[PDB]
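Enquirer: After the structure tokens below, expect a handful of questions from me.
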Amino acid sequence: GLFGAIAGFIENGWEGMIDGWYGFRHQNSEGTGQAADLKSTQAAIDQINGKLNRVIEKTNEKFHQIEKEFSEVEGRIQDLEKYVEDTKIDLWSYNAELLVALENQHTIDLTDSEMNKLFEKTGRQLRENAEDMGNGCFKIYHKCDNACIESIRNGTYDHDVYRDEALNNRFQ
Amino acid sequence: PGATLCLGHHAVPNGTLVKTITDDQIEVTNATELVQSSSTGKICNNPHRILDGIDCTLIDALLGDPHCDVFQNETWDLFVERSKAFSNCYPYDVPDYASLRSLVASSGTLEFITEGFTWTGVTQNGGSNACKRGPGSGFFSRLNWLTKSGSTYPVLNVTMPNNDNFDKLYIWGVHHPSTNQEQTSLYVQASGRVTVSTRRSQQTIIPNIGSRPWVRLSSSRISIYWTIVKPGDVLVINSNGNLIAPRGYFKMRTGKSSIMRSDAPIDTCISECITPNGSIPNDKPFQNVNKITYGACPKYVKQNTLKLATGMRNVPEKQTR
Ligand SMILES: CC(=O)N[C@@H]1[C@@H](O)[C@H](O[C@@H]2O[C@H](CO[C@]3(C(=O)O)C[C@H](O)[C@@H](NC(C)=O)[C@H]([C@H](O)[C@H](O)CO)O3)[C@H](O)[C@H](O)[C@H]2O)[C@@H](CO)O[C@H]1O
Ligand SMILES: *[C@@H]1O[C@H](CO)[C@@H](O[C@@H]2O[C@H](CO)[C@@H](O[C@@H]3O[C@H](CO)[C@@H](O)[C@H](O)[C@@H]3O)[C@H](O)[C@H]2NC(C)=O)[C@H](O)[C@H]1NC(C)=O
Ligand SMILES: *[C@@H]1O[C@H](CO)[C@@H](O[C@@H]2O[C@H](CO)[C@@H](O)[C@H](O)[C@H]2NC(C)=O)[C@H](O)[C@H]1NC(C)=O
Ligand SMILES: *[C@@H]1O[C@H](CO)[C@@H](O)[C@H](O)[C@H]1NC(C)=O
Ligand SMILES: *[C@@H]1O[C@H](CO)[C@@H](O)[C@H](O)[C@H]1NC(C)=O
């Protein structure tokens with residue numbers, strides 16, 4: 001995809017994450033753990049629900065039309081009736097093919113985008129107290145107990161608290 | 001010793017392949033089908049008024065073939081013609097059959113209003129053993145076969161004005177005898193003629209004497225014609241022989257009515273969309289069941305499947321086996 005996260009700098013997905021679409025894995029002093037991010041998960045789902053409801057919007061009701069099967073050979077008039085229907089069907093078949101192609105390219109790009117948005121947001125929270133390893137993982141340069149990890153995940157992490165501790169570990 | 005925080009996304013064991021701008025097949029976590037490719041095989045009886053033609057074409061119900069008498073004055077949103085239908089009255093053709101069938105199908109009704117036409121100096125209510133009605137000879141219920149009275153068939157000249165505020169549809173015909181003997185025996189004159197006119201249009205039909213193939217006891221034929229008379233206009237019928245007269249007119253409507261060829265049984269259910277294969281759901285935007293549809297239907301396309309991705313790219317962890 002256009003952002004290079006999913007199937008890009010993030011090596012693979014997590015079959016283990018069953019409670020969300022995007023999220024966090026950590027290792028700290030207390031062990032390892034996993035948690036889904038709800039906001040990014042919901043942003044993707046809402047956008048996909050949006051396009052689904054646009055696509056499945058019932059928009060044509062037709063009653064008396066032209067005949068489309070014929071028991072007798074007739075020539076000119078029947079040739080035109082068939083050609084009209086065959087022309088229509090081909091155009092609709094093309095629209096359908098293009099629609100899914102565009103929709104699916106975009107769906108992949110927007111999911112890739114949402115992964116990237118979460119990553120950049122996290123990077124910005126951590127300010128100078130962490131570094132991008134380049135594989136979707138931040139090395140945090142300080143003691144980050146489960147309270148501290150959950151602070152990053154639920155958006156309350158104050159970087160000034162750990163800045164001195166972290167800056168020292170980074171450049172020493 | 002500090003800490004690591006990894007960002008990531010889900011994956012699933014069983015993904016689906018979809019098409020994109022760049023890939024004809026690529027794997028996502030989920031997708032949903034946009035093409036309806038199946039039917040129950042049954043036509044739902046709601047919400048459209050379905051009329052099963054059973055043994056009858058719409059045209060035979062219109063004309064009043066006796067085994068189609070049960071269709072008198074019927075109405076429909078969708079008239080369904082069955083492959084088992086048969087004619088069992090006097091043999092006939094309709095020049096522009098397809099148009100008469102279309103306009104009646106679209107009108108959505110066979111409501112017939114009898115009018116007191118005065119046919120001076122001819123015999124009325126002619127019948128044939130080709131068209132039995134009970135034990136004896138009979139005829140199309142809506143047509144009146146006129147033949148000589150005594151030894152004369154005079155010039156028939158009649159009028160029926162339309163002083164209603166709706167259009168009248170008149171169905172009439174012309175008898176084509178097989179022999180000159182038959183022609184003169186029924187109509188006296190050696191060559192008949194039927195002229196049916198309004199202020200704006202006219203139709204003149206000359207009969208044609210000659211054998212056609214034997215159908216239900218007769219080498220003769222009747223040809224069926226129609227004339228619409230608008231409010232303020234007037235019907236005139238002029239003939240010196242071979243007229244198959246109307247007994248009245250059919251009421252015309254405009255609306256959502258149509259006709260479909262299908263052998264699907266009618267069942268008790270609710271479906272907006274009807275195909276000859278049966279009813280289909282309309283939750284999907286496209287369908288591959290049949291290009292013939294009636295109602296609120298997905299649009300017919302050639303593909304039997306199109307998958308809309310409903311999730312991200314599915315990337316399993318590189319496996320060791
Ligand atoms: C009208 C008349 O005088 N008819 C005599 C015929 O009945 C008779 O013989 C047979 O006619 C057979 C077909 O018959 C009918 C019919 O059922 O179709 C008898 C109807 O009453 C008559 N209807 C009217 C309104 O006249 C009808 C009509 O003439 C024709 O259908 C016109 O196409 O004919 C069958 O063909 C037999 O092969 C035939 O022997 C004939 C011959 O004796 O005499 C007629 O006087
Ligand atoms: C065959 O039947 C038709 C239908 O009735 C006859 O048409 C009628 O013919 C008369 C003239 O012979 C028309 O009369 C005229 O009417 C106006 C009024 O608008 C009047 O001011 C004139 O002085 C004139 O008398 C009449 O309108 C007409 N009717 C229709 C409905 O067209 C026809 O004459 C008959 N022919 C035969 C040979 O029987
Ligand atoms: C719906 O019915 C039509 C026929 O009424 C089916 O199409 C026919 O079947 C095969 C192709 O699958 C061909 O040999 C015929 O010539 C087809 N006829 C026409 C007119 O196209 C169609 O497959 C049916 N579909 C379903 C889902 O039942
Ligand atoms: C995936 O989509 C299907 C329809 O194709 C739907 O029935 C199902 O609920 C969805 N599955 C998941 C795991 O979201
Ligand atoms: C058909 O309907 C008309 C009124 O619309 C009525 O005059 C006629 O008797 C009806 N015939 C039958 C057989 O129901």
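Convention: chains lettered A, B, ... in structure tokens order; per-chain residue numbering from 1; ligands numbered from 1 as shown.
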Within range 65-228 of chain B, find each residue whose DSSP state, derived from the backbone, is strand (DSSP E or B), and express the selection as a PyMOL selection string.
Expert: chain B and resi 75+78-81+92-93+109+112-114+122-126+128-133+136-138+143-149+152+156-161+168-176+193-197+202-205+215+218+221-228
Enquirer: Between chain B and ligand 2, at 6 Å or less, what are the per-residue closest atom pairs and their distances in Å? Count only C-alpha atoms and all ligand atoms, order by chain and rising residue number, and return it as JSON lines.
Expert:
```
{"residue": "B:157", "atom": "CA", "partner": "ligand 2", "partner_atom_place_in_ligand_line": "1 (C)", "distance": 4.8}
{"residue": "B:158", "atom": "CA", "partner": "ligand 2", "partner_atom_place_in_ligand_line": "2 (O)", "distance": 5.4}
{"residue": "B:159", "atom": "CA", "partner": "ligand 2", "partner_atom_place_in_ligand_line": "4 (C)", "distance": 5.0}
```
Enquirer: What would the file look like if the residues just selected were written as an mmCIF file, in the first residue's frame with N, CA and C atoms?
Expert:
```cif
data_model
loop_
_atom_site.group_PDB
_atom_site.id
_atom_site.type_symbol
_atom_site.label_atom_id
_atom_site.label_comp_id
_atom_site.auth_asym_id
_atom_site.auth_seq_id
_atom_site.Cartn_x
_atom_site.Cartn_y
_atom_site.Cartn_z
ATOM 1 N N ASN B 157 -72.262 -0.137 -41.202
ATOM 2 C CA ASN B 157 -71.695 1.173 -40.940
ATOM 3 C C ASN B 157 -72.153 1.613 -39.551
ATOM 4 N N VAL B 158 -71.275 1.468 -38.548
ATOM 5 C CA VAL B 158 -71.638 1.803 -37.161
ATOM 6 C C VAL B 158 -70.631 2.718 -36.493
ATOM 7 N N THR B 159 -71.114 3.418 -35.466
ATOM 8 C CA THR B 159 -70.314 4.379 -34.727
ATOM 9 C C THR B 159 -70.392 4.101 -33.238
#
```
Enquirer: Determine which residues of range 86-166 of chain A receive a DSSP assignment of helix (DSSP H, G or I), computed from the backbone, and state them as number ranges by chain.
Expert: A: 86-125, 146-153, 159-166
Enquirer: Please return, as number ranges by chain, all residues of chain B lying within 8 Å of chain A when only C-alpha atoms are considered.
Expert: B: 1-13, 18-22, 106, 256-259, 282-286, 291-303, 306-318
Enquirer: Kindly compile the residues surrounding ligand 5 within 6 Å, counting only C-alpha atoms and all ligand atoms, and format them as number ranges by chain.
Expert: B: 72-73, 111-113
Enquirer: What residues of the protein or nucleic acid chains come within 8 Å of ligand 4 when you use only C-alpha atoms and all ligand atoms? Reply as number ranges by chain.
Expert: B: 29-33, 310
Enquirer: Would you mind exporting N, CA and C atoms of the selected residues as a short mmCIF file (atom, residue, chain, number, x, y, z; two decimals), in the first residue's frame?
Expert:
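For reference, again.cif as written:
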```cif
data_model
loop_
_atom_site.label_atom_id
_atom_site.label_comp_id
_atom_site.auth_asym_id
_atom_site.auth_seq_id
_atom_site.Cartn_x
_atom_site.Cartn_y
_atom_site.Cartn_z
N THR B 29 -8.36 -9.63 4.79
CA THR B 29 -8.93 -10.32 5.95
C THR B 29 -10.36 -10.76 5.75
N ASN B 30 -11.13 -9.96 5.02
CA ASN B 30 -12.52 -10.32 4.74
C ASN B 30 -13.00 -9.60 3.49
N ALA B 31 -14.05 -10.13 2.89
CA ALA B 31 -14.72 -9.50 1.78
C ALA B 31 -16.16 -9.94 1.74
N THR B 32 -16.95 -9.25 0.93
CA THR B 32 -18.37 -9.54 0.80
C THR B 32 -18.76 -9.58 -0.68
N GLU B 33 -19.69 -10.47 -1.01
CA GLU B 33 -20.11 -10.75 -2.36
C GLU B 33 -21.08 -9.68 -2.86
N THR B 310 -13.57 -5.94 2.69
CA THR B 310 -14.09 -5.35 3.92
C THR B 310 -13.05 -5.43 5.04
#
```
Enquirer: Using CA of residue 179 in chain B and CA of residue 97 in chain B as the two end points, give the distance in Å to one decimal.
Expert: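 Answer for the CA of residue 179 in chain B to CA of residue 97 in chain B separation: 25.8 Å.
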Enquirer: Could you list, as an MDAnalysis selection string, all residues that come within 9 Å of ligand 3? Count only C-alpha atoms and all ligand atoms.
Expert: (chainID A and resid 68:69) or (chainID B and resid 36:41 262 275:278 288:292)
Enquirer: Could you list, as a VMD selection string, all residues that come within 10 Å of ligand 1? Count only C-alpha atoms and all ligand atoms.
Expert: chain B and resid 90 to 91 123 to 132 136 to 139 144 to 148 175 to 179 181 to 183 185 to 187 216 to 222
Enquirer: For N, CA, C and O atoms, I'd like the residues from the last selection saved as a compact mmCIF listing (two decimals), in the first residue's frame.
Expert:
```
# COMPACT_ATOMS: atom_id res chain seq x y z
N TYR B 90 -60.78 -20.72 -32.37
CA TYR B 90 -60.59 -20.60 -33.81
C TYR B 90 -59.13 -20.22 -34.07
O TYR B 90 -58.55 -19.46 -33.30
N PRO B 91 -58.52 -20.78 -35.13
CA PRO B 91 -57.13 -20.42 -35.36
C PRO B 91 -57.02 -18.98 -35.86
O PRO B 91 -57.86 -18.51 -36.63
N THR B 123 -76.42 -11.86 -39.13
CA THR B 123 -76.56 -12.82 -38.05
C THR B 123 -75.38 -12.62 -37.12
O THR B 123 -74.25 -12.47 -37.58
N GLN B 124 -75.64 -12.63 -35.82
CA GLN B 124 -74.61 -12.42 -34.81
C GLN B 124 -74.29 -13.71 -34.10
O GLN B 124 -74.96 -14.72 -34.29
N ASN B 125 -73.23 -13.64 -33.30
CA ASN B 125 -72.84 -14.72 -32.38
C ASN B 125 -72.48 -16.03 -33.08
O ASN B 125 -72.74 -17.12 -32.56
N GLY B 126 -71.86 -15.92 -34.25
CA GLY B 126 -71.39 -17.10 -34.95
C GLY B 126 -70.37 -17.84 -34.11
O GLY B 126 -69.62 -17.23 -33.33
N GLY B 127 -70.36 -19.16 -34.24
CA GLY B 127 -69.44 -20.03 -33.51
C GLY B 127 -68.88 -21.13 -34.40
O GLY B 127 -69.23 -21.25 -35.60
N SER B 128 -68.00 -21.94 -33.81
CA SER B 128 -67.34 -23.02 -34.51
C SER B 128 -67.01 -24.13 -33.55
O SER B 128 -66.81 -23.89 -32.35
N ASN B 129 -66.93 -25.34 -34.08
CA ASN B 129 -66.50 -26.51 -33.32
C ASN B 129 -65.00 -26.47 -33.02
O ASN B 129 -64.54 -27.23 -32.19
N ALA B 130 -64.26 -25.60 -33.69
CA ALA B 130 -62.87 -25.30 -33.31
C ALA B 130 -62.74 -24.64 -31.94
O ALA B 130 -61.66 -24.66 -31.32
N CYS B 131 -63.83 -24.03 -31.47
CA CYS B 131 -63.85 -23.24 -30.25
C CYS B 131 -65.07 -23.61 -29.39
O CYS B 131 -65.98 -22.80 -29.20
N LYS B 132 -65.05 -24.83 -28.85
CA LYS B 132 -66.15 -25.34 -28.02
C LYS B 132 -66.29 -24.59 -26.70
O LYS B 132 -65.32 -24.24 -26.06
N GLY B 136 -71.43 -27.35 -27.09
CA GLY B 136 -71.69 -26.87 -28.46
C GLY B 136 -70.60 -25.98 -28.99
O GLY B 136 -69.63 -25.69 -28.29
N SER B 137 -70.78 -25.53 -30.22
CA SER B 137 -69.84 -24.65 -30.86
C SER B 137 -69.86 -23.28 -30.16
O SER B 137 -70.83 -22.92 -29.51
N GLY B 138 -68.74 -22.57 -30.27
CA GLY B 138 -68.58 -21.31 -29.59
C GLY B 138 -67.55 -20.45 -30.27
O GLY B 138 -67.18 -20.70 -31.42
N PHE B 139 -67.09 -19.44 -29.54
CA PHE B 139 -66.21 -18.43 -30.10
C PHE B 139 -65.53 -17.65 -28.99
O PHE B 139 -65.86 -17.80 -27.82
N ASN B 144 -67.49 -11.03 -31.94
CA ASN B 144 -68.83 -11.31 -32.44
C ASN B 144 -68.73 -11.62 -33.93
O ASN B 144 -68.56 -10.71 -34.75
N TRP B 145 -68.81 -12.90 -34.26
CA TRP B 145 -68.68 -13.35 -35.64
C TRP B 145 -70.00 -13.07 -36.36
O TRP B 145 -71.02 -13.66 -36.03
N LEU B 146 -69.94 -12.15 -37.32
CA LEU B 146 -71.10 -11.76 -38.11
C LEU B 146 -71.09 -12.46 -39.46
O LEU B 146 -70.07 -12.51 -40.13
N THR B 147 -72.25 -13.00 -39.84
CA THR B 147 -72.46 -13.64 -41.14
C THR B 147 -73.80 -13.14 -41.71
O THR B 147 -74.52 -12.38 -41.05
N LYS B 148 -74.13 -13.57 -42.92
CA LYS B 148 -75.36 -13.15 -43.58
C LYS B 148 -76.63 -13.48 -42.78
O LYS B 148 -76.66 -14.42 -42.00
N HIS B 175 -61.94 -12.25 -40.92
CA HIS B 175 -61.96 -13.66 -41.25
C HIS B 175 -61.42 -13.89 -42.67
O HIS B 175 -61.85 -13.26 -43.62
N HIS B 176 -60.45 -14.79 -42.78
CA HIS B 176 -59.86 -15.20 -44.04
C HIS B 176 -60.38 -16.61 -44.36
O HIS B 176 -59.89 -17.59 -43.80
N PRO B 177 -61.38 -16.73 -45.25
CA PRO B 177 -61.87 -18.06 -45.62
C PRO B 177 -60.90 -18.85 -46.50
O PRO B 177 -60.07 -18.24 -47.18
N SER B 178 -61.04 -20.17 -46.49
CA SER B 178 -60.16 -21.04 -47.30
C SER B 178 -60.58 -21.14 -48.76
O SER B 178 -59.72 -21.31 -49.60
N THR B 179 -61.88 -21.03 -49.05
CA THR B 179 -62.43 -21.16 -50.40
C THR B 179 -63.39 -20.03 -50.74
O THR B 179 -63.97 -19.41 -49.84
N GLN B 181 -66.21 -20.53 -52.15
CA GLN B 181 -67.49 -21.10 -51.74
C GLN B 181 -67.82 -20.68 -50.31
O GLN B 181 -68.93 -20.22 -50.04
N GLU B 182 -66.85 -20.81 -49.41
CA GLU B 182 -66.99 -20.39 -48.01
C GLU B 182 -67.25 -18.88 -47.86
O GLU B 182 -68.17 -18.46 -47.14
N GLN B 183 -66.45 -18.07 -48.55
CA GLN B 183 -66.61 -16.61 -48.59
C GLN B 183 -68.04 -16.20 -48.93
O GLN B 183 -68.69 -15.49 -48.15
N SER B 185 -70.76 -18.07 -49.23
CA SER B 185 -71.72 -18.75 -48.36
C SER B 185 -71.96 -18.03 -47.03
O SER B 185 -73.10 -17.98 -46.54
N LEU B 186 -70.89 -17.47 -46.45
CA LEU B 186 -70.98 -16.72 -45.19
C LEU B 186 -71.27 -15.24 -45.36
O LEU B 186 -71.96 -14.66 -44.51
N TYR B 187 -70.73 -14.60 -46.40
CA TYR B 187 -70.79 -13.14 -46.52
C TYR B 187 -71.42 -12.61 -47.82
O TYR B 187 -71.46 -11.38 -48.01
N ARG B 216 -56.91 -27.23 -35.48
CA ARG B 216 -58.15 -27.37 -34.72
C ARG B 216 -59.38 -27.27 -35.62
O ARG B 216 -60.23 -26.41 -35.46
N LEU B 217 -59.41 -28.14 -36.62
CA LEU B 217 -60.58 -28.33 -37.51
C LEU B 217 -60.77 -27.29 -38.64
O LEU B 217 -61.79 -27.34 -39.33
N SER B 218 -59.80 -26.39 -38.86
CA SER B 218 -60.00 -25.33 -39.84
C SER B 218 -58.74 -24.96 -40.60
O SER B 218 -57.65 -24.85 -40.03
N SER B 219 -58.93 -24.74 -41.91
CA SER B 219 -57.94 -24.17 -42.79
C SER B 219 -58.08 -22.65 -42.87
O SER B 219 -57.25 -21.97 -43.50
N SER B 220 -59.14 -22.11 -42.30
CA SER B 220 -59.36 -20.67 -42.34
C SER B 220 -58.63 -20.02 -41.18
O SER B 220 -58.11 -20.71 -40.31
N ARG B 221 -58.58 -18.70 -41.21
CA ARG B 221 -57.96 -17.93 -40.15
C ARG B 221 -58.72 -16.66 -39.82
O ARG B 221 -59.48 -16.15 -40.62
N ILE B 222 -58.49 -16.17 -38.61
CA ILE B 222 -58.92 -14.85 -38.23
C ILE B 222 -57.65 -14.05 -37.92
O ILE B 222 -56.73 -14.57 -37.31
```
Enquirer: CA of residue 69 in chain B and CA of residue 140 in chain B are how many Å apart?
Expert: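 Answer for the CA of residue 69 in chain B to CA of residue 140 in chain B separation: 9.2 Å.
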Enquirer: Which is closest to residue 77 in chain B among B:164, B:96, B:52, B:60, if we use only C-alpha atoms?
Expert: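 Result for the nearest residue to residue 77 in chain B: B:52.
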Enquirer: Which value, in Å to one decimal, gives the distance between CA of residue 44 in chain B and CA of residue 76 in chain B?
Expert: 14.0 Å
Enquirer: For each of B:279, B:263, B:133, B:156, take the minimum atom-to-atom distance to residue 84 in chain B, counting only C-alpha atoms, then give the residue where this is smallest.
Expert: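 Distance minimum relative to residue 84 in chain B lands on B:263.
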